[PDB]
Amino acid sequence: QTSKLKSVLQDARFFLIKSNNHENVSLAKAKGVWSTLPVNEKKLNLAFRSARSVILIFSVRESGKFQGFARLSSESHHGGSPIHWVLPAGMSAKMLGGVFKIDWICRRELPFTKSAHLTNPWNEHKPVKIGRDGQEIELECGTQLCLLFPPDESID
RNA sequence: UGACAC
């Protein structure tokens, strides 16, 4: 069975998160928080109240593989210092700082070959690895991704 | 409005 995690997959909204470097994803799991473009933080903040739960799926541009997924624990923060994100070329911190708490359901990576049979109809019907940051994935599509993640038992 | 698949 999928343990208590299944409780989210029955009604949660899934979101495709991208990153320009593996360092932002690695830093986000080391901090237990995340940040993204202000148009995406808005979609995640509004999805938080309208859904039973929100799930953020992590990915890197050059990797094409998923680095993990985590449940949005809270809305974006403000009035305090931001996280030390690794800003890629042409990026600036002014688009960030809306840092939100997240709960890592799995720290492990997952190659797209396991999810190759999946596609997002809430998009151009393209595979789950394509599409921009903040793209909303279908309820049952993103659910299936959570079922095909490997166990994090490699950590200990 | 600024982290698509390569």
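Chain A uses Swiss-Prot numbers throughout; the residues present, in order, are 347-502.
This deposition comes from solution NMR.
Cβ atoms are placed via backbone N, Cα and C, with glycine included.
There are 24 other Cβ atoms within 10 Å of the Cβ belonging to A:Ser365 (RNA binding site). The RNA binding site annotation in Swiss-Prot covers A:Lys364, A:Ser365, A:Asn366, A:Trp380, A:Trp431, A:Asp479.
Residues or ranges marked as domain 'YTH' by Swiss-Prot on the basis of sequence analysis: A:358-495. For the domain 'YTH' (A:358-495), the number of residues in each DSSP class (helix H, G, I; strand E, B; coil) is 39 helix, 33 strand, 66 coil.
Residues annotated as phosphoserine in Swiss-Prot: A:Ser427 (among others).
Every protein chain shown contributes to the tally, and the Cβ of A:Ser438 (phosphoserine) ends up with 7 other Cβ atoms within 10 Å. Swiss-Prot lists A:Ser438 (among others) with the feature phosphoserine.
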Rounded to a whole number of Å, the separation of the Cα atoms of A:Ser365 (RNA binding site) and A:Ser427 (phosphoserine) comes to 21
For A:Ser427 (phosphoserine) and A:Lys364 (RNA binding site), the CA-to-CA distance in whole Å is 23
If you count the other CB atoms within 10 A of the CB of A:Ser427 (phosphoserine), including all protein chains displayed, you should get 7
Row A:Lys364 (RNA binding site), column other C-beta within 10 angstroms, all chains, value 21
